[PDB]
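Encoded as structure tokens, the following chain is the form deposited in one PDB entry, with no partner shown.
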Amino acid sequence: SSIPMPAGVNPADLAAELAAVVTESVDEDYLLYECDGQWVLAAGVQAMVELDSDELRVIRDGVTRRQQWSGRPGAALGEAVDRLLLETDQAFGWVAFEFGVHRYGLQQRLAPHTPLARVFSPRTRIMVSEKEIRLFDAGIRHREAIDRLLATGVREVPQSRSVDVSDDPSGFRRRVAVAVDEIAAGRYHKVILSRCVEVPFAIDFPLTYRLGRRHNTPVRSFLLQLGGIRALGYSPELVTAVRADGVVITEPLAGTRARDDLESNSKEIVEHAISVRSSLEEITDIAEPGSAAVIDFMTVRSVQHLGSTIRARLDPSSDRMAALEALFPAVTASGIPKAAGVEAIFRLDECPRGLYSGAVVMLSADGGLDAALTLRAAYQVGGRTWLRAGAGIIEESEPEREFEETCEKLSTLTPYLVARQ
């Protein structure tokens, strides 16, 4: 069913307000995913797939089926998610940074019960765009919430509450210096290290999402309440998109400014070129021979970046999870060469990273996959609320400038935190 979107109603506001009110009223988890002008609210859990380092669980109708798994995490997750998609048209969820370590032989360094992915089939889907609201399997209470919201309008967003991000309790400056020393010793070229920032008060996730969305222009965005986790984020990069017709895309970004300097700066050009070569090598491993190409190489995309589009056709011997695995973790938030960068993050960052630098995903029964890189995000789990931001460290990096860069990335969220109502 479809309802015309009334004039003067912003889709991000309506979708986040609908997520807040209806799911609390009917007692269900949800994931809201913004993708190319559609805010897709996946509400309620028909079935849940939980992939951990040491176990895979599928939970349906209150019953959990547990199993041991070995080999590639993408194969284990893909087999279970393909079964979900025999019964529903789409599945949604998140994939941890730790999902990408098996490829590099680092699986044995994960602690027991480390989460790798959470993917669910929803009971209801509501898609909100500037044009209309589309309803899929929406029952009486979900339809009544949409009607009430169109009559009452969205809530006014309250004033935000400040947070101090100047302290360094995790020793980010010291950790950057260790990475700089390893890079000078030739261990690797670049690594992204990060720091958590505790938010000392509880936040309202849907209101914070709406407020931050007015001041960010992301490639994708999300807001979720799933299995005891709340999270929201303004993803700056597409990890991968797989279409039903088999076309695979990845759009790495490297080099940033607040245009002539960025396009002529040797440091930005080298970092971009190296990322593009890495993505092309990874995509070529899952692609039909001769189908991989760089389209719009090193073009300029409040920040401006150098960007490239890598496109290929998925090989009939491969699949969307093998494509996600091949491109995971993203270079943008891991390092170069990837294997040494990922290994360095185990030693020099607070692990497990969990959602941070992993992905939020939307899968479709026709073979589609849309995976956004999780950065510029906030999380709440077990009574703890936190932000997390990092910076790419190269041989010339200085700990003080890198700490300042994390402050700049945190500023996408720190002025927009709405305290719990």
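Residue numbers run from 1 along the displayed sequence. The term rigid core refers to the most C-alpha atoms you can superpose between the two forms while keeping them within 1.5 Å.
The same protein also has a form deposited in another entry, omitted here; what follows describes it.
- Shift analysis on the rigid core between this form and the one not shown singles out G139 from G105, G139, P158, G171 (C-alpha displacement of 2 Å or more).
- For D27, a C-alpha deviation of 2 angstroms or more is recorded between this form and the one not shown after rigid-core alignment.
- In that other deposited form, the CA atoms of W386 and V26 sit closer together than in the displayed form, by at least 3 angstroms.
- Closer approach of the C-alpha atoms of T88 and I140, by 3 angstroms or more, is seen in that other deposited form than in the present form.
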